[PDB]
Number of protein chains: 4
Amino acid sequence: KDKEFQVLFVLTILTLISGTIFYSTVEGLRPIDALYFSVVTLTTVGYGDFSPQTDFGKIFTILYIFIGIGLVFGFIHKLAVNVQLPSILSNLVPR
Amino acid sequence: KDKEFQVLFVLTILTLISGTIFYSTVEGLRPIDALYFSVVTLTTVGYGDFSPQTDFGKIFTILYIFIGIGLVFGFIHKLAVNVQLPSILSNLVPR
Amino acid sequence: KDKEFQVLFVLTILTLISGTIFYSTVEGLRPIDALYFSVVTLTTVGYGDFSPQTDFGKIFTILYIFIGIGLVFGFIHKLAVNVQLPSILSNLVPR
Amino acid sequence: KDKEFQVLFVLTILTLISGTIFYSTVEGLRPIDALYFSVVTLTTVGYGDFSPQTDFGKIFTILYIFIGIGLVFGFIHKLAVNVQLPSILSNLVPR
Ligand SMILES: [K+]
Ligand SMILES: [K+]
Ligand SMILES: [K+]
Ligand SMILES: [K+]
Ligand SMILES: [K+]
């Protein structure tokens, strides 16, 4: 399960890296703004302070959402079930 | 399962086509902006750079969300489980 | 199952009615804008063209989201599984 | 189950408290605006009336979303299944 977590951890990192590079280059965002935008899109929060302005950006964002949501929320679920939950359970007991 | 994927693939395309046509016509968006808006609504990202301005648009959007979310996220789940996952698993092995 | 659908249908209507009344009165929106805002909040699309400006509105919105999301998305799931799916299946066969 | 609900209730409160403090201090929001922003981020509504302006805020928000979504939506699910549902069922019967 640490190796199920590890795979989706890595995939998530690669996915956010892809969006950092694309949105920094094509749409002109700072590396940090691209990452932050990528995270806020794939988690569907979607604040809208940085939306894409070019048609290639609009198109890319359509695909990135469809390819990216399933992966991101799979990581979030494994994180919550396999990491967050046990550590909570462990706090409820003194060793 | 390729035929389960195919059905929801097609339905999704038809759903986004319906929103492209409606938002291009009634709300006056470019074909590409309508599609992009339709995708960002049904995935619930909801950036808010293009929201509907007319009452018919507001009303249509209420129904489109309720009818459209269940379908879109069904496609996303089948895509992630039946397409993305196996291809990941296959990369972990050299043929 | 028509009676499982009916219950969550009604509850959803009452939930959106509650937000229509509150956001029309306290925040000053048109009936139609309040409803549209209520739908876009509880489905988490959250465009942000109409956000609440008063502290009572901010507070109310915190509770409305927590009480309202679980219900809305339960309706959406039952709608997609018990209504949308069978009607799709039925189209694939000529009577 | 009241004690499953209680744990996730408390955790949720602590999670929103953490975001209230951070966004009030670092980003300069009013206590009430920080809380409201924290709720609208972790439920992914993401209106975007208050987004973070500093790089430390941007970074913090990336982690807060990943750590916070799994917990918030776990509370929402338990609330809807273990509290909201039974009380609805009970209304359908006169004692
Ligand atoms: K969302
Ligand atoms: K959203
Ligand atoms: K927004
Ligand atoms: K906005
Ligand atoms: K949003």
# chains A, B, ... in the order shown; residues from 1 in each chain; ligands from 1
>>> residues_around(residues="residue 11 (chain B)", least_positions_apart="4", cutoff="9 Å", atoms="only C-alpha atoms", output="VMD selection string")
chain B and resid 6 to 7 15 to 16 71 to 72 75
>>> residues_near_ligand(ligand="ligand 3", cutoff="8 Å", atoms="only C-alpha atoms and all ligand atoms", output="PDB file with N, CA, C and O atoms, in the first residue's frame")
ATOM      1  N   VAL A  45     -11.393  23.193  -7.382  1.00  0.00           N
ATOM      2  CA  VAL A  45     -11.690  24.410  -6.628  1.00  0.00           C
ATOM      3  C   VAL A  45     -12.000  25.544  -7.596  1.00  0.00           C
ATOM      4  O   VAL A  45     -13.054  26.187  -7.516  1.00  0.00           O
ATOM      5  N   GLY A  46     -11.084  25.792  -8.534  1.00  0.00           N
ATOM      6  CA  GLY A  46     -11.303  26.707  -9.639  1.00  0.00           C
ATOM      7  C   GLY A  46     -11.599  28.142  -9.262  1.00  0.00           C
ATOM      8  O   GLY A  46     -12.609  28.705  -9.710  1.00  0.00           O
ATOM      9  N   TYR A  47     -10.705  28.753  -8.474  1.00  0.00           N
ATOM     10  CA  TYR A  47     -10.928  30.114  -8.001  1.00  0.00           C
ATOM     11  C   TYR A  47     -11.181  31.060  -9.162  1.00  0.00           C
ATOM     12  O   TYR A  47     -12.080  31.904  -9.111  1.00  0.00           O
ATOM     13  N   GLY A  48     -10.347  30.983 -10.192  1.00  0.00           N
ATOM     14  CA  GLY A  48     -10.481  31.864 -11.330  1.00  0.00           C
ATOM     15  C   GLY A  48      -9.678  33.142 -11.274  1.00  0.00           C
ATOM     16  O   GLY A  48     -10.028  34.101 -11.970  1.00  0.00           O
ATOM     17  N   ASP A  49      -8.610  33.199 -10.478  1.00  0.00           N
ATOM     18  CA  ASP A  49      -7.748  34.370 -10.536  1.00  0.00           C
ATOM     19  C   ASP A  49      -6.730  34.306 -11.675  1.00  0.00           C
ATOM     20  O   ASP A  49      -6.122  35.337 -11.979  1.00  0.00           O
TER      21      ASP A  49
ATOM     22  N   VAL B  45     -15.195  22.711 -12.009  1.00  0.00           N
ATOM     23  CA  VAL B  45     -14.084  23.630 -11.768  1.00  0.00           C
ATOM     24  C   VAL B  45     -14.624  25.041 -11.582  1.00  0.00           C
ATOM     25  O   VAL B  45     -14.352  25.706 -10.575  1.00  0.00           O
ATOM     26  N   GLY B  46     -15.410  25.510 -12.553  1.00  0.00           N
ATOM     27  CA  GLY B  46     -16.151  26.753 -12.447  1.00  0.00           C
ATOM     28  C   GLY B  46     -15.322  28.002 -12.239  1.00  0.00           C
ATOM     29  O   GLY B  46     -15.575  28.762 -11.293  1.00  0.00           O
ATOM     30  N   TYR B  47     -14.362  28.243 -13.140  1.00  0.00           N
ATOM     31  CA  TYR B  47     -13.466  29.385 -12.995  1.00  0.00           C
ATOM     32  C   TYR B  47     -14.250  30.679 -12.861  1.00  0.00           C
ATOM     33  O   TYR B  47     -13.935  31.528 -12.023  1.00  0.00           O
ATOM     34  N   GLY B  48     -15.233  30.878 -13.731  1.00  0.00           N
ATOM     35  CA  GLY B  48     -16.014  32.094 -13.710  1.00  0.00           C
ATOM     36  C   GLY B  48     -15.522  33.211 -14.599  1.00  0.00           C
ATOM     37  O   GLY B  48     -15.865  34.371 -14.349  1.00  0.00           O
ATOM     38  N   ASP B  49     -14.735  32.914 -15.633  1.00  0.00           N
ATOM     39  CA  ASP B  49     -14.385  33.963 -16.579  1.00  0.00           C
ATOM     40  C   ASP B  49     -15.463  34.197 -17.637  1.00  0.00           C
ATOM     41  O   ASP B  49     -15.396  35.217 -18.330  1.00  0.00           O
TER      42      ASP B  49
ATOM     43  N   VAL C  45     -19.782  24.099  -8.385  1.00  0.00           N
ATOM     44  CA  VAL C  45     -19.229  24.792  -9.548  1.00  0.00           C
ATOM     45  C   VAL C  45     -18.593  26.102  -9.103  1.00  0.00           C
ATOM     46  O   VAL C  45     -17.418  26.372  -9.378  1.00  0.00           O
ATOM     47  N   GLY C  46     -19.366  26.928  -8.395  1.00  0.00           N
ATOM     48  CA  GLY C  46     -18.865  28.123  -7.741  1.00  0.00           C
ATOM     49  C   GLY C  46     -18.239  29.160  -8.647  1.00  0.00           C
ATOM     50  O   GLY C  46     -17.098  29.583  -8.409  1.00  0.00           O
ATOM     51  N   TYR C  47     -18.992  29.606  -9.660  1.00  0.00           N
ATOM     52  CA  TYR C  47     -18.460  30.558 -10.629  1.00  0.00           C
ATOM     53  C   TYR C  47     -17.915  31.794  -9.935  1.00  0.00           C
ATOM     54  O   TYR C  47     -16.837  32.290 -10.273  1.00  0.00           O
ATOM     55  N   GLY C  48     -18.685  32.350  -9.007  1.00  0.00           N
ATOM     56  CA  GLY C  48     -18.274  33.550  -8.314  1.00  0.00           C
ATOM     57  C   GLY C  48     -18.732  34.854  -8.923  1.00  0.00           C
ATOM     58  O   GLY C  48     -18.116  35.890  -8.654  1.00  0.00           O
ATOM     59  N   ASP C  49     -19.792  34.852  -9.731  1.00  0.00           N
ATOM     60  CA  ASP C  49     -20.329  36.123 -10.195  1.00  0.00           C
ATOM     61  C   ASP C  49     -21.267  36.781  -9.183  1.00  0.00           C
ATOM     62  O   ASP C  49     -21.579  37.964  -9.353  1.00  0.00           O
TER      63      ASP C  49
ATOM     64  N   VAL D  45     -15.980  24.581  -3.758  1.00  0.00           N
ATOM     65  CA  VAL D  45     -16.836  25.572  -4.408  1.00  0.00           C
ATOM     66  C   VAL D  45     -15.969  26.604  -5.117  1.00  0.00           C
ATOM     67  O   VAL D  45     -16.119  26.853  -6.319  1.00  0.00           O
ATOM     68  N   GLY D  46     -15.040  27.210  -4.375  1.00  0.00           N
ATOM     69  CA  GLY D  46     -14.017  28.076  -4.932  1.00  0.00           C
ATOM     70  C   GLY D  46     -14.515  29.300  -5.670  1.00  0.00           C
ATOM     71  O   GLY D  46     -14.131  29.525  -6.827  1.00  0.00           O
ATOM     72  N   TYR D  47     -15.335  30.116  -4.995  1.00  0.00           N
ATOM     73  CA  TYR D  47     -15.922  31.288  -5.634  1.00  0.00           C
ATOM     74  C   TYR D  47     -14.847  32.176  -6.236  1.00  0.00           C
ATOM     75  O   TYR D  47     -14.982  32.666  -7.360  1.00  0.00           O
ATOM     76  N   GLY D  48     -13.800  32.455  -5.468  1.00  0.00           N
ATOM     77  CA  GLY D  48     -12.740  33.320  -5.935  1.00  0.00           C
ATOM     78  C   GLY D  48     -12.888  34.785  -5.598  1.00  0.00           C
ATOM     79  O   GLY D  48     -12.279  35.620  -6.275  1.00  0.00           O
ATOM     80  N   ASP D  49     -13.667  35.137  -4.576  1.00  0.00           N
ATOM     81  CA  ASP D  49     -13.691  36.530  -4.153  1.00  0.00           C
ATOM     82  C   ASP D  49     -12.534  36.890  -3.221  1.00  0.00           C
ATOM     83  O   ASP D  49     -12.305  38.084  -3.002  1.00  0.00           O
TER      84      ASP D  49
END
>>> atom_distance(atom1="CA of residue 69 (chain D)", atom2="CA of residue 64 (chain A)")
20.3 Å
>>> closest_residue(among="C:73, C:23, C:13, C:55", to="ligand 1", atoms="only C-alpha atoms and all ligand atoms")
C:73
>>> closest_residue(among="D:87, D:36, D:78, D:25", to="residue 57 (chain C)", atoms="only C-alpha atoms")
D:36
>>> closest_residue(among="C:44, C:20, C:8, C:59", to="chain A", atoms="only C-alpha atoms")
C:44
>>> interface_residues(of="chain C", to="chain B", cutoff="12 Å", atoms="only C-alpha atoms", output="PyMOL selection string")
chain C and resi 9+12+16+30-51+72-85+88-89+91-92
>>> select_by_dssp(residues="chain B", states="alpha helix (DSSP H)", output="CSV table (one decimal) with N, CA and C atoms, in the first residue's frame")
chain,number,residue,atom,x,y,z
B,2,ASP,N,-14.7,-1.7,-23.5
B,2,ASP,CA,-14.5,-0.8,-24.5
B,2,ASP,C,-15.8,-0.2,-25.0
B,3,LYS,N,-16.9,-1.0,-25.0
B,3,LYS,CA,-18.2,-0.6,-25.3
B,3,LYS,C,-19.0,0.1,-24.2
B,4,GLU,N,-18.7,-0.2,-23.0
B,4,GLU,CA,-19.1,0.7,-21.9
B,4,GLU,C,-18.4,2.1,-22.0
B,5,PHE,N,-17.1,2.1,-22.2
B,5,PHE,CA,-16.4,3.4,-22.4
B,5,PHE,C,-16.9,4.1,-23.6
B,6,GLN,N,-17.2,3.4,-24.7
B,6,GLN,CA,-17.6,4.1,-26.0
B,6,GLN,C,-18.9,4.8,-25.8
B,7,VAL,N,-19.9,4.2,-25.1
B,7,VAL,CA,-21.2,4.8,-24.9
B,7,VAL,C,-21.0,6.1,-24.1
B,8,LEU,N,-20.4,6.1,-22.9
B,8,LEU,CA,-20.2,7.3,-22.2
B,8,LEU,C,-19.3,8.3,-22.9
B,9,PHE,N,-18.4,7.8,-23.7
B,9,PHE,CA,-17.6,8.8,-24.5
B,9,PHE,C,-18.5,9.5,-25.4
B,10,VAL,N,-19.3,8.8,-26.2
B,10,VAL,CA,-20.2,9.5,-27.1
B,10,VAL,C,-21.2,10.4,-26.4
B,11,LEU,N,-21.9,9.9,-25.4
B,11,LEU,CA,-22.8,10.8,-24.6
B,11,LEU,C,-22.1,12.0,-24.1
B,12,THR,N,-20.9,11.9,-23.6
B,12,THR,CA,-20.2,13.1,-23.2
B,12,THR,C,-20.0,14.1,-24.3
B,13,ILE,N,-19.6,13.6,-25.5
B,13,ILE,CA,-19.4,14.5,-26.7
B,13,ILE,C,-20.7,15.2,-27.0
B,14,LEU,N,-21.8,14.4,-27.1
B,14,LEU,CA,-23.1,15.0,-27.4
B,14,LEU,C,-23.5,16.1,-26.3
B,15,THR,N,-23.2,15.8,-25.0
B,15,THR,CA,-23.5,16.7,-24.0
B,15,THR,C,-22.7,18.1,-24.1
B,16,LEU,N,-21.4,18.0,-24.4
B,16,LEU,CA,-20.7,19.2,-24.6
B,16,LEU,C,-21.1,19.9,-25.9
B,17,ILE,N,-21.5,19.1,-26.9
B,17,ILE,CA,-22.0,19.8,-28.1
B,17,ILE,C,-23.2,20.6,-27.8
B,18,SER,N,-24.1,20.0,-27.0
B,18,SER,CA,-25.3,20.8,-26.7
B,18,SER,C,-25.0,22.1,-26.0
B,19,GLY,N,-24.1,22.1,-25.1
B,19,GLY,CA,-23.7,23.3,-24.4
B,19,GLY,C,-22.9,24.3,-25.3
B,20,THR,N,-22.1,23.8,-26.2
B,20,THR,CA,-21.4,24.6,-27.2
B,20,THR,C,-22.5,25.4,-28.0
B,21,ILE,N,-23.5,24.7,-28.5
B,21,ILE,CA,-24.5,25.3,-29.4
B,21,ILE,C,-25.3,26.3,-28.6
B,22,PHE,N,-25.7,26.0,-27.4
B,22,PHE,CA,-26.6,26.9,-26.6
B,22,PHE,C,-25.8,28.1,-26.2
B,23,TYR,N,-24.6,27.9,-25.6
B,23,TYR,CA,-23.9,29.1,-25.1
B,23,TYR,C,-23.3,30.0,-26.2
B,24,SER,N,-23.1,29.4,-27.4
B,24,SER,CA,-22.7,30.2,-28.5
B,24,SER,C,-23.8,31.0,-29.1
B,25,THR,N,-24.9,30.5,-29.1
B,25,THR,CA,-26.1,31.1,-29.7
B,25,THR,C,-26.7,32.1,-28.7
B,31,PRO,N,-17.5,29.6,-30.5
B,31,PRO,CA,-17.6,28.1,-30.4
B,31,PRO,C,-16.6,27.6,-29.4
B,32,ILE,N,-15.3,28.0,-29.5
B,32,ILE,CA,-14.3,27.5,-28.6
B,32,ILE,C,-14.5,27.9,-27.2
B,33,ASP,N,-15.0,29.1,-27.0
B,33,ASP,CA,-15.3,29.6,-25.6
B,33,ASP,C,-16.5,28.8,-25.0
B,34,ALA,N,-17.5,28.6,-25.8
B,34,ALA,CA,-18.6,27.8,-25.4
B,34,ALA,C,-18.2,26.5,-24.9
B,35,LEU,N,-17.5,25.7,-25.7
B,35,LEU,CA,-17.0,24.4,-25.3
B,35,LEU,C,-16.2,24.4,-24.0
B,36,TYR,N,-15.2,25.3,-24.0
B,36,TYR,CA,-14.4,25.5,-22.8
B,36,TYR,C,-15.3,25.9,-21.6
B,37,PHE,N,-16.2,26.7,-21.8
B,37,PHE,CA,-17.1,27.0,-20.6
B,37,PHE,C,-17.9,25.8,-20.3
B,38,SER,N,-18.4,25.0,-21.2
B,38,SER,CA,-19.2,23.9,-20.9
B,38,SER,C,-18.4,22.8,-20.1
B,39,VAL,N,-17.1,22.6,-20.5
B,39,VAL,CA,-16.3,21.7,-19.8
B,39,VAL,C,-16.1,22.1,-18.4
B,40,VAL,N,-15.8,23.4,-18.2
B,40,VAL,CA,-15.4,23.9,-16.9
B,40,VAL,C,-16.6,24.0,-16.0
B,41,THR,N,-17.9,24.0,-16.5
B,41,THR,CA,-19.0,23.9,-15.7
B,41,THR,C,-19.3,22.5,-15.3
B,42,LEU,N,-19.3,21.5,-16.2
B,42,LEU,CA,-19.8,20.2,-15.9
B,42,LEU,C,-18.7,19.4,-15.0
B,55,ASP,N,-31.2,35.5,-18.5
B,55,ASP,CA,-32.0,34.7,-17.6
B,55,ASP,C,-32.3,33.3,-18.2
B,56,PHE,N,-32.5,33.2,-19.5
B,56,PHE,CA,-32.6,31.9,-20.2
B,56,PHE,C,-31.3,31.2,-20.0
B,57,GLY,N,-30.1,31.9,-20.1
B,57,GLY,CA,-28.8,31.2,-19.9
B,57,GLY,C,-28.7,30.7,-18.4
B,58,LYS,N,-29.1,31.6,-17.5
B,58,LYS,CA,-29.1,31.1,-16.1
B,58,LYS,C,-29.9,29.9,-15.9
B,59,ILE,N,-31.1,29.9,-16.4
B,59,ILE,CA,-32.0,28.8,-16.3
B,59,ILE,C,-31.4,27.5,-16.9
B,60,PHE,N,-31.0,27.7,-18.2
B,60,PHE,CA,-30.4,26.5,-18.9
B,60,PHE,C,-29.3,25.9,-18.1
B,61,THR,N,-28.4,26.8,-17.5
B,61,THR,CA,-27.3,26.3,-16.8
B,61,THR,C,-27.7,25.5,-15.6
B,62,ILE,N,-28.8,25.8,-14.9
B,62,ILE,CA,-29.3,25.0,-13.8
B,62,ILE,C,-29.5,23.6,-14.2
B,63,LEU,N,-30.3,23.4,-15.3
B,63,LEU,CA,-30.6,22.1,-15.8
B,63,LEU,C,-29.4,21.4,-16.4
B,64,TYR,N,-28.6,22.1,-17.1
B,64,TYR,CA,-27.4,21.5,-17.7
B,64,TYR,C,-26.5,20.9,-16.7
B,65,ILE,N,-26.3,21.6,-15.6
B,65,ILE,CA,-25.5,21.1,-14.5
B,65,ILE,C,-26.1,19.8,-13.9
B,66,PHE,N,-27.4,19.8,-13.6
B,66,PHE,CA,-28.0,18.6,-13.0
B,66,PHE,C,-28.0,17.5,-13.9
B,67,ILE,N,-28.3,17.7,-15.2
B,67,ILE,CA,-28.3,16.6,-16.1
B,67,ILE,C,-26.9,16.2,-16.5
B,68,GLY,N,-26.0,17.1,-16.5
B,68,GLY,CA,-24.6,16.9,-17.1
B,68,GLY,C,-23.6,16.3,-16.1
B,69,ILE,N,-23.6,16.6,-14.9
B,69,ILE,CA,-22.6,16.2,-13.9
B,69,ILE,C,-22.5,14.7,-13.8
B,70,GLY,N,-23.6,14.1,-13.6
B,70,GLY,CA,-23.6,12.6,-13.5
B,70,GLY,C,-23.0,11.9,-14.6
B,71,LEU,N,-23.2,12.4,-15.8
B,71,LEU,CA,-22.7,11.8,-17.1
B,71,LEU,C,-21.2,12.1,-17.2
B,72,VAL,N,-20.8,13.3,-17.0
B,72,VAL,CA,-19.4,13.7,-17.2
B,72,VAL,C,-18.5,12.9,-16.2
B,73,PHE,N,-18.9,12.9,-15.0
B,73,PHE,CA,-18.1,12.2,-14.0
B,73,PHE,C,-18.1,10.7,-14.1
B,74,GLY,N,-19.2,10.2,-14.7
B,74,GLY,CA,-19.2,8.7,-15.1
B,74,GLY,C,-18.1,8.4,-16.1
B,75,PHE,N,-18.0,9.3,-17.2
B,75,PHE,CA,-17.0,9.1,-18.2
B,75,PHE,C,-15.6,9.1,-17.5
B,76,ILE,N,-15.4,10.2,-16.7
B,76,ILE,CA,-14.1,10.4,-16.1
B,76,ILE,C,-13.7,9.1,-15.3
B,77,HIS,N,-14.7,8.5,-14.5
B,77,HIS,CA,-14.3,7.4,-13.7
B,77,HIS,C,-14.0,6.2,-14.6
B,78,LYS,N,-14.8,5.9,-15.6
B,78,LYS,CA,-14.5,4.8,-16.5
B,78,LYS,C,-13.2,5.0,-17.2
B,85,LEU,N,-5.6,3.4,-15.9
B,85,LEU,CA,-5.0,2.4,-15.0
B,85,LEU,C,-4.3,1.3,-15.7
B,86,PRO,N,-4.9,0.5,-16.6
B,86,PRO,CA,-4.2,-0.6,-17.3
B,86,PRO,C,-2.9,-0.1,-18.0
B,87,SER,N,-3.0,1.1,-18.7
B,87,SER,CA,-1.8,1.5,-19.4
B,87,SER,C,-0.7,1.9,-18.5
B,88,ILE,N,-1.0,2.4,-17.3
B,88,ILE,CA,0.0,2.6,-16.2
B,88,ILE,C,0.6,1.2,-15.8
B,89,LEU,N,-0.3,0.3,-15.5
B,89,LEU,CA,0.2,-1.0,-15.1
B,89,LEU,C,1.1,-1.6,-16.2
B,90,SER,N,0.9,-1.3,-17.5
B,90,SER,CA,1.6,-2.0,-18.5
B,90,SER,C,3.0,-1.4,-18.7
B,91,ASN,N,3.2,-0.1,-18.3
B,91,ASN,CA,4.5,0.5,-18.4
B,91,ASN,C,5.4,-0.1,-17.4
>>> atom_distance(atom1="CA of residue 54 (chain D)", atom2="atom 1 (K, counted along the ligand's line) of ligand 2")
21.1 Å
